[PDB]
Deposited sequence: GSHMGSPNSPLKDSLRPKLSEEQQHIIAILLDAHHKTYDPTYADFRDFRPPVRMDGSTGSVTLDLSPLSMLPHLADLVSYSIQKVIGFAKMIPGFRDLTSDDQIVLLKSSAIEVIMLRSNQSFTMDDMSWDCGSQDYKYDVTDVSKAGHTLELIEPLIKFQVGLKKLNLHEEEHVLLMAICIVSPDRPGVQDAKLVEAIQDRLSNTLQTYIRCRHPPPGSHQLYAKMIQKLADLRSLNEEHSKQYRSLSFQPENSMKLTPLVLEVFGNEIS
């Protein structure tokens, strides 16, 4: 059964997401304008988008039960490694299979494969990124499962640089068991079939997507002129 504590946990993560994801996308107006003409013409805009989203991912992680019990250092390593993965995850909410783009409310802020390409990335990342978005969308997760997956992604024991892996793992196990139990008690079949295992597989896909993004990011950022168009937070979090 879903204990009171597990329901409390789901309640907290739902609210935390509510406070950190604005479905109206009103803030996108603050970003440098998107240019769709020109090499890297979408980099300033998507760099801003990402920087804004890292800030939101951080606010979410702070409200993850137990996350605050970690040392400043472990909090930092967990966010540095998970940030891009949680951004790929959370972006599923704006992704649409209708035309395989991320649709943020208006044509200006609708992003497709060629936009991401004009941000300095290649199909080696972009294709499997879309396949990821598609397969995640096909799980048709409950919002409860969506926020649990993001939280589990953030508190992962095997992230590089982790110190207190025993405690990271203990916090994750609490969220994992919350998710496994939620699915059994609240996700009716056939949608529930192997759903936990499919969700964990998506966390593996995310590791692979993380690895490739980092590679294309290092190539992009190694050019001082490109790294110039990024933001200070992106340079600190993604590396410089």
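The deposited chain is incompletely modelled, with C-alpha atoms absent over 1 to 17, 55 to 65, 269 to 271.
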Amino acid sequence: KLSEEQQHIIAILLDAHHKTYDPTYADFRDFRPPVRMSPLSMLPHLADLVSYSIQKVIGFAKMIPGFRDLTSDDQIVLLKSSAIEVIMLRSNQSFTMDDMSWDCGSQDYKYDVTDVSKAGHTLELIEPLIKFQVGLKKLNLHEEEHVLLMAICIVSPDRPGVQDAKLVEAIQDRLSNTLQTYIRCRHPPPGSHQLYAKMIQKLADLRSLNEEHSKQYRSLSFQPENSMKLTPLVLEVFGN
From here on, numbers count along this sequence of modelled residues.
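Each form is matched to the other, and the largest set of C-alpha atoms that superpose within 1.5 Å is called the rigid core.
Where the structures in 9 other deposited structures of this protein are fitted on the rigid core, 213 to 221 is the one of 226 to 234 and 213 to 221 whose C-alphas sit farther from the shown form on average. RMS Cα deviation from the shown model in 9 other deposited structures of this protein, rigid core fit, is larger for 181 to 189 than for the other stretch of the pair 181 to 189 / 197 to 205. With 122 to 130 and 96 to 104 compared on mean CA B-factor from the PDB entry, the stretch scoring higher is 96 to 104. When 110 to 118 is weighed against 147 to 155, 110 to 118 comes out higher, by mean CA B-factor as recorded in the entry. Within the group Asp48, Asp205, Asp69, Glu212, the record's highest C-alpha temperature factor is found at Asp69. Out of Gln216, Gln223, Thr231, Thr20, it is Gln223 whose C-alpha atom has the highest B-factor in the PDB entry. Annotation for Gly59: C-alpha temperature factor in the lowest third relative to the rest of the modelled chain, per the entry. Among the modelled residues of its chain, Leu139 has a C-alpha B-factor that falls in the middle third according to the deposited record. Placement of the Cα temperature factor of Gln75 within the chain: middle third of the modelled residues, per the deposited record. Remark: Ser41 belongs to the highest third of its chain, ranked by C-alpha B-factor as recorded. Placement of the Cα temperature factor of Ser53 within the chain: lowest third of the modelled residues, per the deposited record.
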